[PDB]
Amino acid sequence: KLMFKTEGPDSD
Amino acid sequence: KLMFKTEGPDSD
Amino acid sequence: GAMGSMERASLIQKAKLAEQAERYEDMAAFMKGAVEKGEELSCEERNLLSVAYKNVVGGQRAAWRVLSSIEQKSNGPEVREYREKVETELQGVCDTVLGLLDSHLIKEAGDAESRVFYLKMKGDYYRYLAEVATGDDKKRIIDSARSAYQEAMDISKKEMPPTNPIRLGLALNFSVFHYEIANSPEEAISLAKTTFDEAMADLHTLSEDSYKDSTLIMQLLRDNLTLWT
Amino acid sequence: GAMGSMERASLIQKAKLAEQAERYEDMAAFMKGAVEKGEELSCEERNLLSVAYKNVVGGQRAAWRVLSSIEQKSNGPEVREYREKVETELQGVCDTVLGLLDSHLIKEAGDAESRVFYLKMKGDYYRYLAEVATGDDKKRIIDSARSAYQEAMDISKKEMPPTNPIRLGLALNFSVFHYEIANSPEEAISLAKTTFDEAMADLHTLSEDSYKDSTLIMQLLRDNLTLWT
Ligand SMILES: C=CC(=O)Nc1ccccc1-c1csc(C(=N)N)c1
Ligand SMILES: C=CC(=O)Nc1ccccc1-c1csc(C(=N)N)c1
């Protein structure tokens, strides 16, 4: 799935 | 620490 | 719980060690133990709490998406069973964080910086619950996320400058909530654009270091806008 | 244990799903459950077992090294306490794997391919125990690793061609054992060079696919030799 930018560590 | 190549997934 | 016998300061120190070791489950358990001491958290400690659980839930979300995709393609019980196992563990982590926030981080947070931080977290963890929710429980979970984010937004607009990194990260996450959870892409785009433009106009007030903090999150807003428009 | 009620085939399928999801702790627990069914493992299932635990212990080893380095630099009790916590968990995983091998994977393994695979694993997990061991228990653990590797080597030389990937990976790991656990760098270099040269001379017998399998591990031997000479 295309994930959009969210705050903090990009851990997924 | 310098780790040498061992077999299988380089998981450390 | 199992951290009840460890000093608060020791728990914080071990959370920082666990972060260095990339042991995020341990980091989260140490920070849960620190929160349960009952004292309010400093900015650094809030960040340790958030980083720990973001990493834990992030791994679960990524796993859940892989499994959901295999399950959808396959539509024996094993894929569904295992996707459910991962889903329940994810829901458990979200419930643990939400539990810390309601007992009693949010109610004890009076400063804007701490109260906005926690309400953004409440929005985020209801959002992760919404990502896996299916039906009417889904509607209620979405509204809980919306409510938390909105209250955080209201405080941040009244109490923080438009370049404040907490305010910026809140708007970023609320805009992603709108885009893909609430199916409100126009609200998402409007929020991201207004947030970006108001921060841009305030950058001249900042030091070199604060400028770097603010522009880093503004670039994430721009990244999303580029994909959405 | 907790997998006693799940079908063997379901456990194998879920191990493969867990691998895709990068959920290696789950993958290891599913494979432990499959082993405990009491039936011998196929080549694919042996590989699922090994990959799962290699990933789990790999994360622990990496964490332990980070913590040991901070501890050594620092020489309160917290760093030592937390390094000990991680160390005990690592030892627990090694003991679990060694337990599966002795009860009863090794004794039930009669074919060279399966017996060498398991004895190499026994060498590897005693080697990970040796990495964290301190003193005389250290000597006994080192000898246990040596013994397992040596028996695997003896079988592999009698029963497998020099390009066999299991044989090659065994020699690779035994050479690293010599270099940095047994403090025998010359034995390590000699083993890696002889293994590489004998495989090189046998590559002409292989299909394109087997050639690729063998040369991949030969490149790891060369990588080590380049660093050691
Ligand atoms: C590197 C140290 C550092 O930045 N410490 C802090 C000091 C004051 C406020 C916040 C922090 C902080 C932000 S993220 C973070 C983390 N440990 N991931 C810690
Ligand atoms: C991709 C599938 C595949 O290679 N399956 C096999 C079939 C026959 C023997 C071994 C394997 C195997 C080697 S590593 C591995 C893993 N799942 N990591 C599986």
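The analysis underlying the following values was restricted to heavy atoms, covering all of them including side chains, and did not include hydrogens, waters or symmetry mates. We count ligands from 1, going down the list as the structure has it; atoms in each ligand are counted the same way. The chains referred to below are lettered A, B, ... by the order of the sequence lines, with proteins before strands, and numbering in each begins at 1.
When only modelled atom types and interatomic distance are considered, C:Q219 and C:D223 share a side-chain donor-acceptor pair under 3.5 Å. Under 3.5 Å, the side chains of C:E159 and C:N164 contain no donor-acceptor pair of N or O atoms. Side-chain N/O atoms of D:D124 and D:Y149 include a donor and acceptor closer than 3.5 Å.
A cation-pi arrangement, defined by a distance under 6.0 Å to the six-membered ring centre and an angle within 45 degrees of its axis, is absent between C:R127 and C:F177.
Rounding to the nearest 0.5 angstrom, the gap separating the CD1 atom in C:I155 from the CG atom in C:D111 is 11.0 Å.
Panel note: side chain D:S214, backbone D:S210; a donor-acceptor pair is recorded below 3.5 Å.
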Give me the pairs of N or O atoms, one from ligand 1 and one from the protein, that sit under 3.5 Å apart.
from, atom 1, to, atom 2, distance (Å)
ligand 1, 5 (N), C:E44, OE2, 3.3
ligand 1, 17 (N), C:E19, OE1, 2.9
ligand 1, 18 (N), C:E19, OE2, 2.8

